[PDB]
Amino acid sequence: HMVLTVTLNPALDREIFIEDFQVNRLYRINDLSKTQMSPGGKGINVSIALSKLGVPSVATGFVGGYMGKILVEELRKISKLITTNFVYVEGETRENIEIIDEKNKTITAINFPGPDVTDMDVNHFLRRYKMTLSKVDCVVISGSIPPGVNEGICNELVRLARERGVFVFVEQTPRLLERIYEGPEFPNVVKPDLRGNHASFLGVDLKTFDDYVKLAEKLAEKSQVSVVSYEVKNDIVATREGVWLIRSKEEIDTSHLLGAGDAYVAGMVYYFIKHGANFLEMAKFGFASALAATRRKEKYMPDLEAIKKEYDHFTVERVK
């Protein structure tokens, strides 16, 4: 059983933990927190998450320069369950800085652009993407898209994947999803990234609960399952059969959220592989996994133990 992840714009994450972080002060970090940098980007975090649950993946995307070397060398060190298969480009993989304040519950994030990618790079990627598709049972396409690349590319990735009988998971922003839902093929599972969204989506402006439901329903028309976030700690789940709402029983630590959403997707993938296409339970195991991730301030991908213990910390209501 094998998974392919696509991370077209990966990052080296630099997580810095400062309580009571404020503008205009010098902070001396304590002698034991060393200058460190971890592999990141959504698909790559999904790979890490899957490796923690014992599930192998091929991780692909674009990587470049010296930062690139670091990402690749570090990613390989995490587990032999992850085989790296990136397309190498000129220019550096982006560093991203996340300043996490566990006392005041804030994340201050600074994101850098990513490399300028070209048509030959995208060509090579498409060749290799097609090769790997033959070896895998499902694909996770998620995250941002680097400068240079046509925004229609994920449509081609979804299209190639579905035409080949490969089950597709997609987590992207509305602007990018609008582009996937044009094309003739569609994700099996879609989880929109609504972080900091103020934009309309599929001709739905998202103010009331009925709007979010109606958005989940629109996606459930062409995809088999939509998981749509609502008031930070809840997810609306829509399939052909009906609509559910998964709710955390407690408030979540908003500063602990880095990569929780990627633990969500990894869970859904894990469930799919181990137990098949029972969509609601997939969504649930993903939610349990996202919650476990929020129990630590770091970008933390939970293990099976940690995920299972979250099963008593949420409820599921049937909406329709």
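All residue numbers are counted from 1 along the displayed sequence.
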property: Which of 21-29 and 301-309 has higher mean CA B factor, as the PDB entry lists it; result: 301-309
property: 192-200 set against 138-146, stretch whose average Cα temperature factor tops the other in the entry; result: 192-200
property: Residue with highest C-alpha B-factor in the PDB entry, from 61, 259, 56, 64; result: 259
property: Residue 112 - Cα temperature factor, lowest/middle/highest third of chain; result: highest
property: Ranked C-alpha temperature factor of residue 45 among modelled chain residues, by third; result: lowest
property: Assigned third (lowest, middle, highest) for the C-alpha B factor of residue 270; result: middle
property: Residue 127 CA temperature factor, ranked by third within the chain; result: middle
property: Among modelled residues of the same chain, the CA temperature factor third for residue 276; result: highest
